[PDB]
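Quick setup: one chain, the form solved without the partner chain, written in C-alpha cells, and binding and motion questions come after.
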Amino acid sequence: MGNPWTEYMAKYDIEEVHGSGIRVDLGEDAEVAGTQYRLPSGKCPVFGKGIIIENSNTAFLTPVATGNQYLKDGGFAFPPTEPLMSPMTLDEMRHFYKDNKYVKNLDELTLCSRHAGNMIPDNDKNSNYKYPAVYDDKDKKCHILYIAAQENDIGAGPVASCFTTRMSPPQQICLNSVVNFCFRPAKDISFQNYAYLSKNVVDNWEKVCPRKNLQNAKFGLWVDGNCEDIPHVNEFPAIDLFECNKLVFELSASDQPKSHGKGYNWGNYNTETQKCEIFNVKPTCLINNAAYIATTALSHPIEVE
C-alpha cells in the first residue's frame, strides 16, 4: 500500500507549496503603525499574471499617479525615489546588493522579491509589511508594486511617502512627489513574461513550485494501485493550452474580500478535443495519456516540460 507518486506530485499540492490565493493573493495581514493591512503571501511565483485596468490603456507596471496635474494617470508600481529603487534591472540589483553576502546565489525571481521587501513603510520600523513585485523575464527588470491590491481592505497598503531600508546601514528614501479605477487580475498574452511575486516567494521555488506544464500527462487520483480520473471536473472549450491556463487562473483560489490555496487550481487540457477540464481537488498521480497536457493556475501559460 501507499502512493508511489507522492514525491513527484508534491509540486502540485498548492495548499502546501503555495499556501495562499492565486488569482487574488491576500493571505496575510501586517501591522503598520497600529493599523492592519492585507498583503500577498504566496510562496510560489505566479507566472503570466498581470492586472488589467478598465477604461484605460495604461499598463499596470506604470508607476502610480503622483502630484495633482490634470489628467494624472498611472498604474501600480513605485514612483521615482532618491536613490531610485524601482524599476531596477537584474544587473543593478546585483550591484547595489554587492555588499550583502546573502544575495549571492539567489536566483533572479527571488532577488526581485527580496529587493521589494527591503523597503519599510517608515511609520513602523518593526513592521512585517513588505511590498510585492513583478519580475519581467524579457527585460530582466524588477518592478516593486506600491499598490498590492489586485481586484476592484482590498490590499491597498499604507499611503506611505517615506521608507527605510531593512538592509544596514539604514537609508531613508522618500517619494519625489505626493501619491494621489476598476481593475482585475488576468493572464494576458502581453503578461506572458511576467512573474507576480509576493514577499514570501521561497528561495528554492524552482524545485518546489510548478512552472512548466506537463505534456502527455493527465492529473489523476491514486486509488488502490490505479491512477483514477479526477471524479468531478468542469469542462470548458479551450482552443489551445494558453486559453485553458487562462481559464484555470480565472477560477483559481482567490482571497478577494482567505483561501489558503484552496480552489479550482488545476486543469487537464485535451489537445485533441480542445477541452479544458478544471477541478479543485489536489491531484495525487499522473495518467499516461498522449492527448493531454496538465496545467495549474501558477504555471506559465505556454511553456511545457
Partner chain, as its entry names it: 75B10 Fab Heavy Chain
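What we label the rigid core is the largest C-alpha set whose atoms superpose within 1.5 Å from one form to the other. Positions refer to the first chain, counted from 1. Only residues modelled in both forms are compared.
From this point on, the text means the form solved in complex with the partner chain, which you will not see here.
Heavy atom distance at most 4.5 Å to the partner chain in the deposited bound form, all of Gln215, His300 and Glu303: All of them do, each having a heavy atom within 4.5 Å of the partner.
Just to confirm, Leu90 within 4.5 Å of the partner chain in the deposited bound form by heavy atoms? Yes.
Taking any heavy atom pair closer than or equal to 4.5 Å as contact, tell me whether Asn200 reaches the partner chain in the deposited bound form. The answer is no: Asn200 has no heavy atom within 4.5 Å of the partner chain.
Taking any heavy atom pair closer than or equal to 4.5 Å as contact, tell me whether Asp229 reaches the partner chain in the deposited bound form. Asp229: no, not in contact with the partner chain in the deposited bound form.
Within 4.5 Å of the partner chain in the deposited bound form, counting any non-hydrogen atom, which residues from 185 to 214 show up? Read in sequence order, the residues that approach the partner chain (within 4.5 Å, in the deposited bound form) are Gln192, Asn193, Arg211, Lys212.
With the core fixed, which bits of the chain, 3+ residues long, show every Cα moving 2 Å or more between this form and the one not shown? The segment that shifts (3 or more residues, C-alpha shift of 2 Å or more) is 122 to 124 alone.
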